[PDB]
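Taking the form deposited in one PDB entry, here's one chain by itself in structure tokens.
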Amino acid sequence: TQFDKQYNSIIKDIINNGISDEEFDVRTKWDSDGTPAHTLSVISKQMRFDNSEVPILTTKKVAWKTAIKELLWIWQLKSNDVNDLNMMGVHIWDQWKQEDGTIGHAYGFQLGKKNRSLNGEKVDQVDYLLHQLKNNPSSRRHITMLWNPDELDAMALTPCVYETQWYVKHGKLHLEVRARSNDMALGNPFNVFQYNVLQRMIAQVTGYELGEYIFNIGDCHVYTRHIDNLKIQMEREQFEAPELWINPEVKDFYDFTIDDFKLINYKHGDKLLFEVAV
């Protein structure tokens, strides 16, 4: 499982049977000129790895160090306050800072709400899951929801990767991920790697061997101007999947820290610039 070949296959598939939206306005516009930027979309795309290798490109450098720090901000710490991420030295989310520096009732908030019952105990979403995975590995009800229909209005923004369903089958743990939308150029490579690590963290606290990693995209897209540098990317030579060292000593999920994560031998291609749009 290279992730490059798969990543490539979809990009190349959009450039050939893609669908634009020139015949539509609204939203996006560049920062370079500040006016309309359209896409090329496709529906229902699936990426499934078997955890042979580790989901990461070699044709470009991925901010893996930061991915994990973001992942932890949401899942482990369960925070809606960016001031907490600032302490981790990450300023990517600074743009959505609200009056109180939060993103409202989103992400870390939705993963922290104590709305479920577990033996006469108000528990949050993640906590619940953890327990069910060990005490009831047969359930077809292992799912996490970030798209709370009752709180879409009180959110600074709607999440892309809003859900996941876990599947315990034969001492194995399988994870399926669905994002309503996903910028193939920027966010996807990030998000793929980002969640795999999560699968790995859970599988260590519950002791189930690594299963299948299924990642699905709803509105798979590419910003028009991005195409040219993407074409270059699909011409760059690939590399071997770097071994990814995680601290073996950890027994509890809430005892993890960034220093407990390492990527051994991350050889990659030079660099490529992609204009940001909003």
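One rule holds for the numbers: they count along the sequence shown, beginning at 1. Rigid core here is just the name for the largest C-alpha set that superposes within 1.5 Å across the two forms.
Not on display, but discussed next: the form deposited in another entry.
Only 28, out of 46, 28, 52, 247, shows a C-alpha shift of 2 Å or more between the shown form and the other one on alignment of the rigid core. Relative to the superposed core, residue 62 shifts its CA atom by less than 2 Å between the shown form and the other one. After superposing the rigid core, the C-alpha of residue 210 moves by less than 2 Å between the shown form and the other one.
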